[PDB]
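Coming up is one lone chain in structure tokens, specifically the form deposited in one PDB entry.
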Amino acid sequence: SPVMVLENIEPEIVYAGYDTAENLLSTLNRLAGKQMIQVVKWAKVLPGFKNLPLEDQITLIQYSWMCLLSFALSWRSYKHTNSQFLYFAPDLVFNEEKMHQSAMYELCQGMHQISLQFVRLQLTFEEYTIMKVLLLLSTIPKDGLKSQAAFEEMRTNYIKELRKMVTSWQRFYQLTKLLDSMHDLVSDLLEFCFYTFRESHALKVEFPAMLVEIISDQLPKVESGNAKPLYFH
């Protein structure tokens, strides 16, 4: 039973341990590193995904960590603030002022825009959950994965699970359209993230060992079009 397993393994609260732009960004990076810990424990108990060679699991996670965390940022903003603010952590909610101080003001707007989508679609917890798994399987290597045959079977099943959900019948295509749009939002998130990373030493913006670990060997798997985003439309 996919749905029941998905809600149970869903990670829980996590403090960021909370003011210039550099300190604000350093904080979110540390919070990111702490959230990626919950993402790793969550994925390892994920149906299907946990049976693919460990190499595919790690790769998929590195291609999609930004998706998963920002998408969650939305669920959280949706649930705790009716999408009115950015709920990164309990001790750190963002409003236009904050979004401004992080030197991240447009990027914030885009995420807040996803949240707004949630309240408008009246997104469901059951939908959210399956959708977060699909985001995990939203980007693959340009020429395919090791166990590609297995990958597609699993991905098709979760797509089927989302279908079982919505069955008005159009809501399906609405949620999968929303999923494709996430790609656009995350591609901008990463470009800015890749830049701050490259200048971290000069900008005084702290990045956790984990994020450094991921972003580092992610760039090579992306550059020269070595990555392939999967869309529904």
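For every residue, the number given is its place in the sequence shown, counted from 1.
Although it is not shown, the form solved in complex with a partner chain is what the next lines describe.
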| Among the candidates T196, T27, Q62, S70, the residue which, in the deposited bound form, approaches the partner chain to within 4.5 Å (heavy atoms) | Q62
| query | the partner chain in the deposited bound form: within 4.5 Å of a heavy atom of each of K41, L54 and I58? | reply | yes
| Using heavy atoms and a 4.5 Å limit, would one call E22 a contact residue for the partner chain in the deposited bound form? | no
| message | At 4.5 Å between heavy atoms, is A16 in contact with the partner chain in the deposited bound form? | response | no
| message | Please tell me whether any heavy atom belonging to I37 falls inside 4.5 Å of a heavy atom of the partner chain, as the geometry stands in the deposited bound form. | response | yes
| task | Flag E10 as yes or no: does it have a non-hydrogen atom within 4.5 angstroms of any non-hydrogen atom of the partner chain in the deposited bound form? | result | no
